[PDB]
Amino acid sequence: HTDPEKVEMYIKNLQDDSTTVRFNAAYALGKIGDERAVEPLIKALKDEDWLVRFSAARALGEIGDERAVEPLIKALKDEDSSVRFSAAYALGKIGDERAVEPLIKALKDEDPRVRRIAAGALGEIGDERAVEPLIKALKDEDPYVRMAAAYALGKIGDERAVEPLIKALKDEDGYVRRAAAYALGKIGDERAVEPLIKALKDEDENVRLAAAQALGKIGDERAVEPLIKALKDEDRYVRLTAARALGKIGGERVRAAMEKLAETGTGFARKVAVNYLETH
């Protein structure tokens, strides 16, 4: 049982003079989630030790109470980058729209993980206010931010990000390109079809994997033939993805491209043409 005997016990250990007992009590508060711990952890958001601030920030997002937003909103400006991350993580876990503008500021942080998690947090909130700032994070020097901004821009699904993500399919890092491809797949814009088709000729076996799945999500038929040559991909999963992504873009355009592969197809391209022409 979630008995309050342990709850209020760790709660009183937040004012303990031992750092270890403090944040270890904050972690138990997050794993318990009993809402009688919101105010004690809000006071712990300014503990002299950063980990107690980190643990209390994380625990506030674990309880999921609206009263932690504005405290965590101020905890975004914490001196310690881990507390800034934990508050930005917790704000994304609470997902209150009050945190959008602070997380937009955390998109301009210095820890490339706070900006990374502020992006991910703004993706969970899904507030269209965060679209334009996330587009600026598609130019952040850290790839994990560019990639997390791309993932967040696709989770928001706002069309404003399409062309910024289209130009993010030409980024030097393959992970942000993996995200920009996955993002444009979730947004499902017809504009991204031609750039994702060119992304099917990417050196990264993951960008080809996402761009294949993306074009399957978009369901556009301009990528039917670019997915046929993707069925001859050296990466196994890009081939299987294009097999999945072609069953999505159904119709005769894929059917007529299957009967030419049930006749003149070889390898894995023949393998799914017969199986599709079986299960139309």
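The first residue of the sequence shown is number 1, and the count goes up from there.
Once the C-alpha B-factors are averaged per stretch, 180-188 and 108-116 rank with 108-116 first. Between 236-244 and 36-44, it is 36-44 that carries the larger average Cα temperature factor according to the deposited entry.
Remark: of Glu163, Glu124, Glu172, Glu141, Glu141 shows the highest value [criterion: C-alpha B-factor in the PDB entry]. Sorting the modelled residues of the chain by their CA temperature factor places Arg98 in the middle third. Split the chain's modelled residues into thirds by C-alpha temperature factor. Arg58 is in the lowest one. Per-chain ranking of the deposited C-alpha B factor places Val224 in the highest third.
Sort the modelled residues of the chain by CA B factor and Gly30 lands in the middle third. Per the PDB record, residue ranking by Cα B-factor puts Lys155 in the lowest third of the chain.
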